[PDB]
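Chain IDs A, B, C and D follow the sequence of writing; residue 1 opens each chain.
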Amino acid sequence: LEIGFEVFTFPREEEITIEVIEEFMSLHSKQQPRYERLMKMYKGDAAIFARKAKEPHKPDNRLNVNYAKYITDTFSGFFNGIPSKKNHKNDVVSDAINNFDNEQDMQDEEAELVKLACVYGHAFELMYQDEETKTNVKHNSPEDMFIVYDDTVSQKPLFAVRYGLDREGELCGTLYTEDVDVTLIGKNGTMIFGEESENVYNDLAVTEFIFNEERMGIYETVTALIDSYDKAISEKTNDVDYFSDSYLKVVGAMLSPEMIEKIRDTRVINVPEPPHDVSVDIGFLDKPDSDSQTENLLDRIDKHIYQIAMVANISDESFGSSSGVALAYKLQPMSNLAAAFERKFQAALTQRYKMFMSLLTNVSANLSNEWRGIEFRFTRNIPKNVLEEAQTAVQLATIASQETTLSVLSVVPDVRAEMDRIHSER
Amino acid sequence: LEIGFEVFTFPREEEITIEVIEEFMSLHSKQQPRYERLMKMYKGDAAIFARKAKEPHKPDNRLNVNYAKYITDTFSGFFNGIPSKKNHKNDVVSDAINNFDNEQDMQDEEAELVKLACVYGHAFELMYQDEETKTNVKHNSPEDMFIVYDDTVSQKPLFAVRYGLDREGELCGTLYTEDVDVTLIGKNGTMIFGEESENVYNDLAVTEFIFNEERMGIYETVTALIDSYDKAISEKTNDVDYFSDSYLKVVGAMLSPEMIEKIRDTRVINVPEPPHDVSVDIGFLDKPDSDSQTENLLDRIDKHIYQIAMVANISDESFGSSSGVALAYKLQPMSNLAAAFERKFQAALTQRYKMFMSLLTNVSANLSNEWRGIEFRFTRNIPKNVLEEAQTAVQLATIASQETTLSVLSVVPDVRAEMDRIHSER
Amino acid sequence: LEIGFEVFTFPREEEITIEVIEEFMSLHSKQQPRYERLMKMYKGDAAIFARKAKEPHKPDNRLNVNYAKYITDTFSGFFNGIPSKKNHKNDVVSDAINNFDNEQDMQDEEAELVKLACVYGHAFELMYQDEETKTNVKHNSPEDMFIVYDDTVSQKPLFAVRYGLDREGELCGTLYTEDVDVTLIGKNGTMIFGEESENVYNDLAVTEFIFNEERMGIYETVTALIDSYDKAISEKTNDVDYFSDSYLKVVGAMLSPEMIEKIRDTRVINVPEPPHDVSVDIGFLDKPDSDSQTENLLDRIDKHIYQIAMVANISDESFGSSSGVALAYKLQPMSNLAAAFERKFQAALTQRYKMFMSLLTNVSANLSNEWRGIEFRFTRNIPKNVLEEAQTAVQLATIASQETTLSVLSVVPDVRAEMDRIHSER
Amino acid sequence: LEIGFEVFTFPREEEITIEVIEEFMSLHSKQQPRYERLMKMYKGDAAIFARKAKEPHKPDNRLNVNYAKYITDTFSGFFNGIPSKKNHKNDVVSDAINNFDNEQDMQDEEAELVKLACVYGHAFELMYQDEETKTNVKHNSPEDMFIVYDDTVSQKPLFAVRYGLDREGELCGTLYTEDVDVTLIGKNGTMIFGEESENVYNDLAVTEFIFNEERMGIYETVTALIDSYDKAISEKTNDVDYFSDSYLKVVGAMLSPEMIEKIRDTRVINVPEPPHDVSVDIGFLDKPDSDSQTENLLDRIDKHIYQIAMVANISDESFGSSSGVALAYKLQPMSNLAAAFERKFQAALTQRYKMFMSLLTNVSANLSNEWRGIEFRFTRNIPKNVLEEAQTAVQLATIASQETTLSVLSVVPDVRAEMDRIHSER
């Protein structure tokens, strides 16, 4: 099928009519099955369960080994294991940003956005004003929302749509534009604009987060290997069950079920009068157990699945042993992937915080254009040694400032609080 | 069947009638079997016991190897091994919080909530006021309770239900709403509202804790591998029992049971007059013992069960050997999973403590909006070296404050008590 | 059968009649066989001894390998190897608690309660006042006692029963309630209330200790593996015994018992005149000794028995070798289980000491509500290095207080006595 | 086909007519398929999927192992993992450059340009002036743009073209020259010049980035090995599937399907009356499993793929073990390739910043010719030890200046901010 998503482009000048919106509805409905399959693969269901049944009495075993969940969870834990840190020079801006983050729980939202970006490929975020004049945010899956850009080289966002069936079975949705917001309602089957409300913000209220520039998932390129591995392991499991280990062969003599009633307790076999014309043969038949091709194939497939996906198999027995730096080397591709994703994530967060202080309620008009001063710090989740960090801080205290010295210490949650406490002490 | 749970959504405006509650109870009764199976798997019973019986005289062995209990207990010990620490700047708020925690024994409640979240997928907590004007909490299983959200983007909770049969066999339950609480009673089979009581709190009395956003258990995705492993080991146990090790074959001569009465003490076999027409054959038959496919299959299944579940097999013989850091690496996926769950757990605890101080009895009206300042610290249960911590504290005492220096020491149970004792000494 | 125990629930309001007690007696008599089997498994008897006998002249060997006693003793030694330490700030409260513990010999009671909780799943403790106005405690097995909780969500204890046949063969028992205690006496077969006595305490006189929330034993889930291991080892022992090592075969010639009288001292065999018509064959027959499947099955079962029970096999030759930290890792699951049980044990101890100071005889009325201040410290029984502890204390004396510094030293039995002696010295 | 791209050359003097542009578009349309294939190989699709199908009932498996994505992602992470640092002596120039970079989010642009250069071989960058008198940059793929150099030895750029079909299906494009910019519009099929606008800049607005002087991709020379590896692994997967492990052969006797209904539970085979004339043979047939040539071929191909591409396989189990410097040696070829590309990247960046300050709006006319003073620093993404860097800084502080000492510290993001903070402290 299709292994990527292409952005929609619409000319700037012409008006946005219902027909264009409906055409985009058709285009997105065409693309939904890929998202459905990608979600179903992660959730636990597999394609092995859909295979045709076998003959009535032959054994049939279906085993699924879930790699997508492992990869997604490992990467999500690596990247967003420790919450990001945001700070500024001016006290008012930093105080407002920290208060907003505490009020709106940025940690869970960021974690869910990262997970959605990893699974589907891209995710959307919605921002709105509540009844008590406060700024709220939310995260949506890309199944119900799409965004359309203009055809200019700059490619700025133009409008976005969100829809869905209601309880009674008719389409209800909302249209977001730069200037106005419109509610879409339909009863007989058509769509008619219902109401318009002014946009307090200066831009679109929908932001797009992208894993890549082609909008591809982490495990989109390793589906065939997973399917083949599941098929091979299921076939081996089927082959193990059919036959026994050893058999007993008696040819030329009559044996009754009553005699073999106690075969474990009797260890002497006697044939007193064998037939003259034919020959009597007794012996054991063994099942041959020699498999070498399947093991090699499975090993190669298992190694390739982990290598190609750029995720390290930490718990492997052949992983790095008894070394300081050699262990850190094996985690390098995951660090590279995290650094690649951070480039988009930081820009998206900068856009969000640029949007945040636009309103006069949050900050004064003087400080509106100060979003350029925000600084972000990201830390990966790796094992850490406290003593080495303490010694490093002690050595750096000689030639570096207090803020830099306290920044290295992982024990310190906030440098400003510690400096305030030190000043209070003396 | 179904591998996840989908939240109920109901529109905000219309009234809550009895038919809506009955429909939602029907929906929950539809979903109960999954919870029943998940609990039965953990408790000890297995699906191997339900297989059809074999022939009357063939051997039949049923062996169950329990992995779900091991995984759940290991994760519960890792996460909540050491109770969480909660502190604040203001003295009154901290005193009230610690007094409430001591009075309500929150360690057991948190441990049981974590275990329920791990087993079923999600769990509920109930808060109520007793006769002596005190705040109490309790934990319930998700079999008897469900919560319904609204259809808005914010998705705030709307109402929750709890029901169950009484001693005489008629439905009795309670309905929780934001403003009022209603008791449901039914005798002939119908349901009628019985009584209404005001809600002292400012929100719902039921809080939901979720393991994931898809609301899945830890071992929900590894059922097939466990079943296959149990079946294979049981079948091998059956195969071992049937046949003996070696047999003796005598063909062409008559052997009487009296002669073989003492076969251990007689080591000479003699045939003085063999028959002329036929041939006499005497020898030993050995049972073939060569199994290589079953061992490889079992090893692969056993490795996959531990790897996919993201729980480390610490007691394995091939586990990390003779290394300071290589041992710490193998525990990383469990740390990632714990960090992922902590994101939801901290937010839920924040909601609980937000709801706690709303009442004027607990704290004054001035300090009601101070729940933002609560800080949570979580620590994992890993082997620790006291000397390294002491040296780290000694080094940190040079550059950091006294509170941070005493925080690192694991020997210290409470920082404030130690500061008070040090001040008392001098 | 049944793999867990479900608590009895009774509504609060209605009176406690003799019929309710009789019904609960029947219910408990239904559950007794599980306790009987669990105790019989630990005591030494096994199910292997109950198998049907074989035919008269085949060998029959019955071997029992006891894992339940090993697991229970190891866990009991690990958890309660070192008696717990209990201390307080106020001199009077700590002195009274220590005097009570010294008078009642509480270490034996705690050890027996832990063992009973491990074996059966739950155990009861009874408190009573003697003739000389003193508080005594005792521990009972769950065979003769059951406790019934109320119906409310808080699930508070309501009443408990203890019964048993007397010397002459008629039922005699005691009923404990919150307000009164009644003696149950019956001679013809019915039960009639005999006498009533006031309850000096402010709650029930019976306290329940639970291992888990499902009330399961340590080795309840590993019975099948133990039985299979015993059966397999017994079968192998039977197989080894029946046959000899090597045999001598003589065909075609007459050999008399007198010739084989001295077969060790004669090493030349001669046949001077063989029969013309038939052929003479002489040779040795060897019993085949090739077993590979049984060894693998036994090894897998033995490994699973220790792994699933979450108890470490310290005496294994494959155990951790030549490493400071790798040895500490292998004991982690046992530490997790101990931490899980400590949560229930500490709460139960807190309840007991809350009940203890209710009486005015023990302490003054002013200090009755001070049971919140009691602090419990638990330590595990692991090998310890004295020099490391001494160096840690020396380093900690620089930054920490005297009590904390002396707490680390394992040589010190009581910090207060050492501080008093130090003050006496100077 | 063609394994490289040759630049177009046109004499300087003669006018640029529409026929020349049409001829160059024809030439570029000739070259497009190579770019299409190169992008399709990276995106995930492979040539294995295009092979002809087999006969209906033989198994057919298609497996794709993606090396191009792995190589491209690894190299992109290595080179541009850490954003480049640009600084100057004069305050105004450095401030303007940093403000421009911050406003234009240049890290994403640089990363995308590097990726496009790695995949196709060369990429273009466009600069333009927006409505609010600001300088913007963008990156384009080489599918829609080509640049023509002059005929002189110095080979200076002369003009560039960008075209593409519009919504209605007619050609629309833009022509960039040194002095003027013209819009190309065509409706009937021909092309006519539409409008002319002055060029504010002093040179072409299109800049070319080249990976090599032959304009070749990273993985252009390793296509055959990848295709052969995919075909071989697919053939092995097909071979493993067709046949079973073991078969049972019965010759001379009639066996009915009813008897083999339960073959796992019956382990005795009996033939009471064999036919007189023919012979009865029973035995097991084993599938031969001996493969040695395929493994060696696959290993050689896999090693050559990584070696020839000059990209290190970090995740290999045979990678460097337990050595400080031996690990650094294995990464040397990748460092050599990065150094080779760095020259072209730096030259292009210098040309861009030469263009940037030409306008009087950005800086004063006095500082226009100061683009020589810009200094670029590039660092690679490798594991780093903080303690070693701290010790190096401490040792260097004795002999070197403050800026050089602070440059080594990786913790320091900007030397100027740290110096300002230190000066503020004292």
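Convention: contacts are C-beta pairs under 8 Å (C-beta built on N, C-alpha and C of every residue); 3 or more make two chains touch, one makes a residue touch a chain.
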{"item": "Of A-B and A-C, whichever chain pair has more C-beta contact pairs", "value": "A-B"}
{"item": "Equivalent of A-D within the choices A-C, B-C or B-D, defined by over half of its residue contact pairs recurring", "value": "B-C"}
{"item": "Approximate Å spacing (C-alpha centroids) for the pair subunit C, subunit D", "value": "63"}
{"item": "Mean-CA-position distance for subunit B and subunit A (Å)", "value": "23"}
{"item": "Centre-of-Cα separation between subunit C and subunit A, whole angstrom", "value": "45"}
{"item": "Multi-chain contact sites of subunit A, meaning residues that touch two or more partners", "value": "239, 241, 244-246, 248, 267, 286, 290-291, 320-323, 391"}
{"item": "Interfacial residue positions of subunit C with respect to subunit A in the complex", "value": "54-55, 58, 242-243, 293"}
{"item": "In the complex with subunit A, residue positions of subunit B that touch it", "value": "3-4, 11, 57, 153-154, 213-214, 216, 220-221, 224-225, 228, 232, 235, 239, 241-244, 246-255, 260, 277-278, 285-288, 290-294, 296-297, 300, 304, 306-308, 310, 312, 318, 320-323, 325-326, 328-330, 332-333, 335-337, 339-340, 343-344, 347, 372, 388-389, 391-392, 395-396, 398-404, 407-408"}
{"item": "Parts of subunit A lying in touch with subunit C, wherever the complex brings them together", "value": "245, 262, 265, 267"}
{"item": "Subunit D residues within the subunit A interface of the complex", "value": "43-45, 61-66, 69-70, 73-74, 76-78, 81-82, 99, 102-103, 105, 107-108, 111-112, 115, 126, 128, 130, 136, 138, 140, 167, 233, 236-237, 239-241, 244-246, 248, 261, 263-264, 267-272, 274, 276, 280, 282-284, 286, 289-291, 295, 298, 314-315, 317, 319-324, 327, 381-383, 385-387, 390-391, 393-394, 397, 405-406, 409, 411-412, 418, 421-422, 425"}
